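A short reminder: the numbers here are calculations on the coordinates, not readings from a lab. For neighbour counting, all protein chains shown are included, and Cβ atoms are generated from backbone atoms with ideal geometry for every residue, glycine included.
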Amino acid sequence: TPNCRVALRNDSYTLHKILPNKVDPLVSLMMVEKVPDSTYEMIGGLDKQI
Amino acid sequence: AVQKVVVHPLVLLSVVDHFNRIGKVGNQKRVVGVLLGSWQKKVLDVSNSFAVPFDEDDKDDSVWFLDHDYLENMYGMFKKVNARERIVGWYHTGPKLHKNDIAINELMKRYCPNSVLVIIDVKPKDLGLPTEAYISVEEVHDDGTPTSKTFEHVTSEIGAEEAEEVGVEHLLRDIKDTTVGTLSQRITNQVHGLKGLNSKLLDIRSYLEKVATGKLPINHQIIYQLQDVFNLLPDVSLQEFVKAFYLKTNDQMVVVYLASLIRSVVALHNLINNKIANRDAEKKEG
Amino acid sequence: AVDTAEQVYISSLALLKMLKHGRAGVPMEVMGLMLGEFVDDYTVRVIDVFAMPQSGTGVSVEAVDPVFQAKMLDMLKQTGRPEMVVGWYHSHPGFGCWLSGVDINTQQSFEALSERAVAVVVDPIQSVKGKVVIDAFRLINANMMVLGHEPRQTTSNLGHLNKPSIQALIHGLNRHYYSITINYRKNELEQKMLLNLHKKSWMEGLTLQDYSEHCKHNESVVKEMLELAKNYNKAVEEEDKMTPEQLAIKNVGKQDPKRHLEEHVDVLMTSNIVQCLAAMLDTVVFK
Amino acid sequence: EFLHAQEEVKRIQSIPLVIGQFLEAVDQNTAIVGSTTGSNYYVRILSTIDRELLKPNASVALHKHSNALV
Ligand SMILES: [Zn+2]
């Protein structure tokens, strides 16, 4: 399976378990999770760029 | 100048080892060996020890022998394998000691300046009686009595460091007596804390009934050493009364309102859940 | 004329000599010899354990000094008891227990000179919390390649006392050596006198722990219990009643309902009861 | 034996050990943490630790041998 992490035993190097979800360390920078900070009408004047 | 000793449990069982070694042919009923030490500052500490063949003729009770070549060999081996542990004294067993222990001590003070002895008790192990230790002192006697030796006592303890308690705890495995107990161990601590009290009272009761009943010359030292205990104990007054009910009220009411409220409402919340859980399965079984 | 299931009888002072010598030089692989008595075919005992002076080589056959040992054994013949060695020991602080590259050779030299010579491995850096991972092992011959190893015949205790873990069966188990069971020779004249001198206090069981810090300790605990009570108030008044049994089981905290609620309350209750009862008894006794 | 079990979990976790960092979580009672000596590990957690405390990559405690969450 592409980009599939697995649990390896650290003594005999044998498989232990297929691991869950894919490689995403440092998603604290990602997924801002807070939607309200500002509305639309508080910009004005730049409607073409909008 | 020794405050107190603190030998591990390694030599404790050992002597009993060596007492078990000799008991097949031995008719000596005492085991005299050599104590090792690591004298650090003022407190003493024993890790290791060994024994040595020793017999004592009961006739004339003044004839003894010690093998010093076996002492010179085996100690030099121990220093070779472990250059930390050195001589500090000696030991014997049996509560009733024979009177050559002064003669043992005065010889081997050519080894150790602050020579010290430890008495263990192999057969008595029923009451509260740990090891016992003395110190090598040479004075006259007191002031007005003939010259003597007068073995002075130094207090003792059984210390216990790390990396042996795991070897100790894994060998117990029978009751094991976990720390702070749930109110039943503490009462037993006060029971046999007091069973040791009246035992010392009964012991000193048999002492005063033989200290004058015509037995031996009373010590002028121990006369005022007993007198400053009875007329120095505190008594009851008005100040003790008003203070006691002041803080006994304070020490109680917290436990009153913690037990009677917090433990009660939890049992009520435990009543609500199961009676709901009893009636939900009862209304939905059929 | 084969092994079935041996049992090693160790003594109380044997293991105590093992831990102190193992703790003594931890990063230098301490090395000594084990002294006991073959009492029959398949039980073996060991009471007396001595150490050996180590060298720059370390755990090997070369650190075993023959002239020191026979000088030591001769001096043990007159004091205590004379007997014959029944094995050896060493310490592996770097890992668990398995027979190293040169540990298997000095095993062969001992079981060719002595009879079977069981090797004991003690990990001093592991014997920490309440348990020790001491294990002993015994070499099987390489001639039994067509027959299954561990010739067990009339025993069913072999499923007990340890099962071979993944960190053990990788190096030499079971094709080189095998494991052995060890019990503890407990008796009277040792056990009660060890307890009465270690976990025992005479004068301490009736003290009073004077009330400067005692009633002070009954104050820092009330505040955190109050906040937990207010937090316990917050959840009990809340009472989510949409799908309650699934919301309760997927949202547990293991600190709110009765974990942090009666734990300290029990501790403050027992302490003042012990303290006041010890206070009342000394007032009954002392005048 | 229940009092032995409480004492066991108590003294299993109050010893000198290394400090690692939370990385990810698989599920109940198993997580993905790595050490500060690299070489990402895969161990179990303890049920004492509140599960609502490791959303970010926060500092955790790791045993020397079990290398589990302490
Ligand atoms: Zn080894």
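Some notes on this structure:
- For chain C, complete DSSP H runs whose alpha carbons reach 20 Å or more along their own long axis and whose mean Kyte-Doolittle score is -1.0 or higher are C:214-238, C:263-285.
- Computed about the Cα centre, the dipole magnitude for the range B:223-282 is approximately 320 debye when only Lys and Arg (+1) and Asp and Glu (-1) carry charge, each at its Cβ.
- Förster radius 22 Å - calculated FRET efficiency between D:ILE12 and C:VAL221 (Cβ-Cβ, nearest 0.05): 0.35
- Dipole moment magnitude, nearest 20 debye, the protein assembly as shown about Cα centre, only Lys, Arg, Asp, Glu C-beta charged: 820 debye
- The range C:187-213 and chain A have Cα centres separated by 59 Å.
- Relative contact order (%) - criterion: Cα under 8 Å, at least six apart; region: chain B: 13 percent
- For the range B:101-202: rounded, prolate or oblate by the Cα gyration tensor [a/c cutoff 1.5]: oblate
- With Cα atoms, 0 to 90° folded angle of helix D:2-11 axis to chain D main axis: 40 degrees
- Backbone HN-Hα couplings from phi across the range B:197-202 [Karplus 6.51/-1.76/1.60, Hz, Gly and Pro as x]: 7, 5, 5, 5, 5, 5
- Per-residue ellipticity at 222 nm from helix content only, as computed over chain B with -39500 (n - 2.57) for each DSSP H run of at least four residues, stands at -13000 deg cm²/dmol.
- Across the range B:152-164, coupling constants 3J(HN,Hα) worked out from phi with the 6.51/-1.76/1.60 Karplus curve, θ = phi - 60°, read 8, 8, 10, 5, 10, 7, 10, x, 7, 8, 7, 6, 10 Hz, and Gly and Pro carry x.
- Size of electric dipole in the range B:152-286: Cβ of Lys, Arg +1 and of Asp, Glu -1, about Cα centre, debye, nearest 20: 860 debye
- The protein assembly as shown shape via C-alpha gyration tensor axes, a/c threshold 1.5: oblate
- Gyration tensor verdict on the range B:1-125 (Cα atoms; rounded if a/c is under 1.5, prolate if a/b is larger than b/c, oblate otherwise): rounded
- Residues whose amide H lies under 5 Å from that of D:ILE32, counting only those 5 or more places away or on a different chain, are D:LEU23, D:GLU24, D:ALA25, D:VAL26; hydrogens are built 1.01 Å from N in the peptide plane.
- Applying the Karplus relation 6.51 cos²θ - 1.76 cosθ + 1.60 with θ = phi - 60° to the range B:236-249 yields 3J(HN,Hα) values of 9, 9, 6, 4, 5, 5, 6, 6, 5, 5, 5, 8, 5, 4 Hz, where x marks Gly and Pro.
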